[PDB]
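> okay, here's the opening piece of the assembly, coordinates as they are in the complex:
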Amino acid sequence: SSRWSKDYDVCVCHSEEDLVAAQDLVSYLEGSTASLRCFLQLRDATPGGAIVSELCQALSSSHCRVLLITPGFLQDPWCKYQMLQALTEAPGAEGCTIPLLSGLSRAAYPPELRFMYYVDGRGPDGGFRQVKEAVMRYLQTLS
Amino acid sequence: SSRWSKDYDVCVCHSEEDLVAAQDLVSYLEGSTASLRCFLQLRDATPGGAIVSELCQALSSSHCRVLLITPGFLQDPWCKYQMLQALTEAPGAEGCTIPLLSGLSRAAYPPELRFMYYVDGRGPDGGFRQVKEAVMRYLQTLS
Amino acid sequence: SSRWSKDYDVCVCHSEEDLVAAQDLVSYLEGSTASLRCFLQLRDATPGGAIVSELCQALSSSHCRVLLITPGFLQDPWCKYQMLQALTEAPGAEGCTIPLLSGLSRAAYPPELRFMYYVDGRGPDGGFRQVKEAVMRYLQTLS
Amino acid sequence: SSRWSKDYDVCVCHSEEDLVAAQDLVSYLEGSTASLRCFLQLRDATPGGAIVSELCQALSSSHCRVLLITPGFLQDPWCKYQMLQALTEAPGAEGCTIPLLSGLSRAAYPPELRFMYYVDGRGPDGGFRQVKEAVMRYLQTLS
Amino acid sequence: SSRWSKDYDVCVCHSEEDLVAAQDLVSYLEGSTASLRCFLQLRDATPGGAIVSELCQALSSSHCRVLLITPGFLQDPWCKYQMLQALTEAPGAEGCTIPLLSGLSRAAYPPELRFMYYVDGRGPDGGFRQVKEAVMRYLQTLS
Amino acid sequence: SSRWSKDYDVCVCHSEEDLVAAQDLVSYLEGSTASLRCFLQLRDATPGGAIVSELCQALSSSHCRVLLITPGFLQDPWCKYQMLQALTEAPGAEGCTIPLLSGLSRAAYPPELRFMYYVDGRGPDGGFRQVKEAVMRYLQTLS
Amino acid sequence: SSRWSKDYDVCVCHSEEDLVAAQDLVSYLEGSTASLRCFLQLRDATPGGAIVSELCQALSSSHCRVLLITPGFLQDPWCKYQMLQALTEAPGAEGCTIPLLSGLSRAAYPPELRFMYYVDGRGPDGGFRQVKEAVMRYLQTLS
């Protein structure tokens, strides 16, 4: 049905400290579907290319964006920049961006994202809130 | 009979503190019907979408609305927005909106809703007044 | 005989303070009658609807009306509205409305009802005057 | 022989103060006749009906009328109205109306009733004058 | 002489159909009097108040009462209620109430009122019987 | 000389059918005296009062009574009652009551009045026998 | 005298279609008084606030309420909510609420308001019924 009009399916935004979080998200989303693919920075960034250009292309060439918020996310400038870029690409809360808190209380939530819903991390696993359902529904409405 | 002209049947608006009340209402109303479905904010809202838009769509896409009034309902502003939108959608007291009181005396009742009947919370359980009868009666009148 | 031209048979209007009096009247009239239903505000009126509209429909949808006059009847305004509406529906003293007095002397009797017989509350019970006889005779003359 | 062609046989008009007089008259006349029914102000009249209309119908519905003149009869206006209605229905002194006096001196006898003979109340009992003989004779003149 | 111990002198009860008759009675009685007043149902009722309460207070506050009996008086229930209340307030035929007949034969005259005199309507005019003489004489005897 | 110790001087009693006879008697008696007055039911009795009470007062508060016996007098019951009252007030044949006959033969003359002399109606007119002379003589003997 | 115990004096509830009616009422009531003030939805209700809360506060913060009933009143639900709230605030027919009919026949009158008096609209003008007299009298009974 020519569902494949974009490069990849899911993009993950994470703080530079917890690589394991984004790796777990990709290895939890790709395994159970066998059709859905994904992009991760360290796993798929082309060596020898600019960080800014690679991240911009990664966020642009995906169907869904996933943001990982960490107590290290607030301090590190790079993940803040990538969050700003992800918001810029899809300012409307259609469903492209999926926040995922881990360790931050509701009060400490970044003020820039107080308007959209957030996938709370209080579940034993974040994926227990089934973000794959969200990405699958967005893809279904897309095509 | 093609009664299924809308996405969902019951929409529940509750204070942000005691989610257990709305969970109990849905798990008490869906189980005994075997055909009726429902909508809840924290359990059905699409992640990554706006709070305001999701609540507006949920209130619009249902057949009956239930407003859980709690001691925290007066203080919290989001449930105030929910109540105001629920009244705005169906200003007439046909039976779309069902106020379920919990812990508020008649004197402290919000003056914005003094004109309709309210399900008393003084029973052993809130459902003892059998609001499921009300929603089934409204659905029967609809079709 | 196809007598059942209307769903309900008896309506009761009572002061908001003593629910027990109206409950006693309904549970005393219903038990000894072979097939004669009734209506009461708290027991039967639909939740989520307007107080005024529901009361007006309840008075209109019945075959006979009973006004429980009590010491709290004079002070409370809602029962005053109910009495006024009951008089408005059937101004003639055919037998549609039955004033059942309780605790008010003849001197303190409301001036608006001085032209009608009233069931005296000075007996051991009000039902000892057998208002069910009055309602049964009215229904017999009806059809 | 179609002797009973109207609803009732005897009607009694009495002062509102002494229900005992009318009750005694009815319980003294009905017991020894076994066929002669009667009518009394509150014992038979329908709750929820007009005072004036019910009294007028009661006086109209009888074959013989009895006016219990009492010391409170002169002061009370309602029994005066009943007396005037009874006189109006049968102005002729045929025997339809029987004045039964109780405690009134001949000098203070009401001016409106000097035309018709009256039952003396000075005996040990009024019924010792055997007014049942009068009502029986009046019905004997009828069918 | 401080005769003005009450707000109003004459209260008129009439059928809801012919407002002109009651208006004519008021505009005929008020004009020729040196210093007198009157009350009429819709000419003087407080707007927004109860019909039953306003009529009862109007009949209570009068010095004399006039009851306009018309062919529509028998059918309409509200004027029947007014007549019953007027009779209830002063059951004695002292002169408080004055019937004024128009179009009803003596045979069809209401049974509730056969005991008092009724002002004939068969004359050239209703007021030619000079009911103002009756009300003036009642006022003179009052004080 | 304080000759007027009573409200009125002449009273006329007549059948309810022919008001013309009583009107003729009053307009024939009052005019030629220039000092005497009279009382009549339809012309002088107060409206709004009881028929029985007003008639009794009229008979009592008068100096002379005139009993107009007519062919309708026998059948009509009200004139029979008024005749009985007039006889009761003045049982003796002093001259207080004057039976003026009209159209009744001597054979059909009422048994109650065979003791008293009766004015013949068979002459050119009723007044040709000078009933005014009789009342004037009675008042002269009075005072 | 400190009669100014409240900010406003008159509140008007009207159909959303013909706001010119409420505008005319306020511009006719404010001009001739020079001391009285009023409240209207479009003219006075604060912007940026809730419709329900502002309507409730306006209804509560007034001394007298006026309900304009129009052919669009029956269909529009917001004016129905206004009517229900106005009835709820002052269920007794003291005079707080003043109906003002325009275009509705008496037969099609709202069933909820048949007990109180209503200002007719069939005259040359509604204001010719002088509702300002009613509001002035109500304030006179106040402080």
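Sure, I can see it. Numbers count the residues shown, from 1 in each chain, chains lettered A, B, ... in the order given.
> can we go C-alpha only for contacts and neighbour counts from here?
OK.
> got the contact list for residue A:41?
A:12, A:55, A:58 (CA atoms under 8 Å, 6 or more residues apart in numbering or on different chains).
> Just these: which are in helices?
A:55, A:58 (DSSP state H).
> What is the nearest of the contacts of residue A:41 to chain E?
Lowest distance from chain E to these (CA to the nearest CA) belongs to residue A:12, with 67.9 Å.
> Please report how far the closest one lies from chain G.
39 Å (CA to the nearest CA, to the nearest Å).
> Then residue A:109?
Taking CA to the nearest CA, one finds residue A:109 at 27 Å from chain G.
> Check residue A:115 too.
On the measure of CA to the nearest CA, residue A:115 and chain G end up 19 Å apart.
> What of residue A:87?
28 Å.
> next one: residue A:113
24 Å.
> Look up phi and psi at the residue of chain A found nearest chain F.
Closest approach between chain A and chain F, counting by CA to the nearest CA: residue A:115, at 81.2 Å. Dihedral pair for residue A:115: phi -90, psi -30, per degrees, to the nearest 10.
> What values do phi and psi take at the closest residue to it other than its chain neighbours?
Take residue A:115 and drop its neighbours on the chain: the residue closest to it by CA to CA, 6 or more residues apart in numbering or on different chains is residue B:50, 5.8 Å away. Here is the backbone geometry of residue B:50 (degrees, to the nearest 10): phi -70, psi 150.
> The one 10 residues further on now?
Residue B:60 has phi and psi values of phi -80, psi -40 when expressed as degrees, to the nearest 10.
> Can you give me the neighbour number for the nearest residue to it once chain neighbours are set aside?
Of all residues beyond its chain neighbours, the one nearest residue B:60 is residue B:89 (7.4 Å), with distances taken as CA to CA, 6+ apart. Counted with other CA atoms under 10 Å in any protein chain shown, residues neighbouring residue B:89 total 13.
> Can you give me the distance of residue B:89 to chain D?
45 Å.
> just residue A:110 next, same as before
For residue A:110, the distance to chain D - CA to the nearest CA - is 72 Å.
> okay, now that residue: neighbour count?
11.
> and it, how far is that from residue A:18?
When distance is defined by CA to CA, to the nearest Å, residue A:110 is 18 Å away from residue A:18.
> What is the burial count for the residue in chain A positioned nearest to chain E?
Across chain A, no residue is closer to chain E than residue A:115, which sits at 48.7 Å (CA to the nearest CA). A total of 14 residues lie near residue A:115 under the criterion other CA under 10 Å.
> Next, the contact list for residue A:112, please.
No contacts exist for residue A:112 under CA under 8 Å, 6+ apart.
> So the residue nearest to residue A:115 sits against residue A:117, correct?
Yes. Look at residue B:50 against residue A:117 with CA atoms under 8 Å: they come within range, at 5.9 Å.
> and the residue nearest to residue A:115, bridged to which residues?
residue A:116 (DSSP bridges).
> Can you tell me how far it is from chain G?
Relative to chain G, and taking CA to the nearest CA, residue B:50 is found at 21 Å.
> Tell me who's in contact with that residue.
Taking CA under 8 Å, 6+ apart as the test, what residue B:50 contacts is A:93, A:94, A:115, A:116, A:117.
> Can you pick out the most distant pair from these?
Maximum pairwise distance among the contacts of residue B:50 (CA to CA): 12.3 Å, between A:94 and A:115.
> does the residue lying closest to residue A:12 once chain neighbours are set aside count as helix, strand or coil?
Closest residue to residue A:12 apart from its sequence neighbours, by CA to CA, 6+ apart: residue A:66 at 4.5 Å. Here residue A:66 is recorded as strand under DSSP: H, G, I helix; E, B strand; the rest coil.
> From the contact counts, what lies against the helix or strand that residue A:84 is a member of?
Taking DSSP states H and E as the definition, residue A:84 sits inside helix A:77-89. In this structure, helix A:77-89 packs against strand A:10-13, helix A:51-60, with contacts taken as 3 or more CA pairs under 8 Å, 6 or more residues apart in numbering or on different chains; DSSP states H and E.
> next up, chain H:
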Amino acid sequence: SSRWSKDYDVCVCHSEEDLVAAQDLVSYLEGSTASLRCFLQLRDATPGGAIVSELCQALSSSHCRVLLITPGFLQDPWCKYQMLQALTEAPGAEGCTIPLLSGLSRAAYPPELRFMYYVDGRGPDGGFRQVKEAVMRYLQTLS
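Chain H goes in next, on the same frame as the chains above:
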């Protein structure tokens, strides 16, 4: 008094197409006050900073918010983000946010804002509705 406790007084959110409308609002509000200032996105946001953070601070660091809704408001996503954030910061309809429609009919009004009032633009001018009165009232209550 130290009423100056915040960075700014008025914040304006507008569609990216009509900067002239927002400039007109600021130059119409600031000029007539001479003591009140305002904030605007293009006029005042620091260059070189993030868009999302700058707008979030602009909404947070002001006393009042104004949402200019236009036909281009619905299509553009950034103004939707501003609307969503403005509702998120002050969900209660106290008066913090002021909608201002221009060119959109009531039918196509954003469903998310149907509960609060809106400053309509169909009048001669939007500013003629005097939103400065609303902002002054909010500041006065703030103290």
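> back to the contacts of residue B:50, now that we've got chain H?
Applying CA under 8 Å, 6+ apart, the residues near residue B:50 are A:93, A:94, A:115, A:116, A:117, H:84.
> again, 6 Å this time
Residues near residue B:50 by CA atoms under 6 Å, 6 or more residues apart in numbering or on different chains: A:93, A:115, A:116, A:117.
> Quick one: the strands in chain A, in order.
A:10-13, A:38-39, A:64-69, A:97-101 (DSSP state E).
> what angle do the last one and strand A:64-69 make?
Here strand A:97-101 points in a direction 20 degrees away from that of strand A:64-69 (axes from the mean of the first three to the mean of the last three CA atoms, to 10 degrees).
> So what's the gap between strand A:97-101 and the chain middle?
Its chain's average C-alpha position is 7 Å from that of strand A:97-101, according to CA atoms, centre = their mean, to the nearest Å.
> Could you see whether chain B lies near it?
Yes. Interface with chain B: strand A:97-101 contributes A:97, A:98 (CA under 6 Å from any CA of the partner chain).
> got the contact list for that strand?
Against strand A:97-101 from outside (CA under 6 Å, 6+ apart): A:65, A:66, A:67, A:68, A:69, A:118, A:119, A:120, A:121, B:48.
> Can you point out the buried residues in that strand?
A:97, A:98, A:99, A:100, A:101 (16 or more other CA atoms under 10 Å in any protein chain shown).
> Can I get that strand in CSV? Just the C-alpha atoms.
What follows is strand A:97-101, C-alpha atoms only, in CSV (Å, rounded to 0.1, in the frame of the first residue of the first chain):
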residue,chain,number,x,y,z
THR,A,97,6.1,14.2,19.9
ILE,A,98,5.9,11.7,22.9
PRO,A,99,7.4,13.0,26.1
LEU,A,100,8.6,10.3,28.6
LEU,A,101,9.6,11.5,32.1
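> got the angle for that strand vs helix A:77-89?
150 degrees.
> related to what we said a few turns ago, tell me which two of the contacts of strand A:97-101 sit farthest apart.
A:65 and A:121 (17.2 Å).
> who has more neighbours, these two?
Neighbours were counted for residue A:65 and for residue A:121 using other CA under 10 Å; residue A:65 has more, 27 against 18.
> mind listing what that one touches?
Here residue A:65 is in contact with A:10, A:11, A:12, A:96, A:97 (CA under 6 Å, 6+ apart).
> quick one on the thing from earlier: which of the contacts of residue B:50 tops the neighbour count?
For those, neighbours tallied by other CA under 10 Å; top is residue A:116, 25 neighbours.
> My read is that it contacts residue B:52, right?
No. The pair residue A:116 / residue B:52 is not scored as a contact, 8.6 Å apart, by CA atoms under 6 Å.
> So for chain A, which residue is the most central one in space?
residue A:66 (1.5 Å; CA atoms, centre = their mean).
> beta partners of it?
Residues in beta-bridge contact with residue A:66 (DSSP bridges): residue A:12, residue A:98.
> contacts for the helix holding residue A:84?
So helix A:77-89 is contacted by residue A:15 (CA under 6 Å, 6+ apart).
> mind running it again at 8 Å?
Contacts for helix A:77-89 (CA under 8 Å, 6+ apart): A:13-16, A:55-56, A:59-60, A:65, A:67, A:73-74, A:97, H:50, H:52.
> Of those residues, select the buried ones using a PyMOL command.
Buried residues within the contacts of helix A:77-89, by 16+ other CA under 10 Å, are selected in PyMOL with:
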select buried, (chain A and resi 13+14+15+16+55+59+60+65+67+73+74+97) or (chain H and resi 50+52)
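> quick one: which two of the contacts of helix A:77-89 are the most distant?
A:60 and A:74 (23.0 Å).
> follow-up on the earlier one: Serialize the buried residues of strand A:97-101 to TSV and add fields for distance to residue B:40.
Below are the buried residues of strand A:97-101 laid out as TSV (distance: CA to CA, whole Å):
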residue	distance to residue B:40
A:97	22
A:98	19
A:99	20
A:100	20
A:101	21
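> Residue A:1: neighbour count?
Considering only other CA under 10 Å, residue A:1 is surrounded by 4 other residues.
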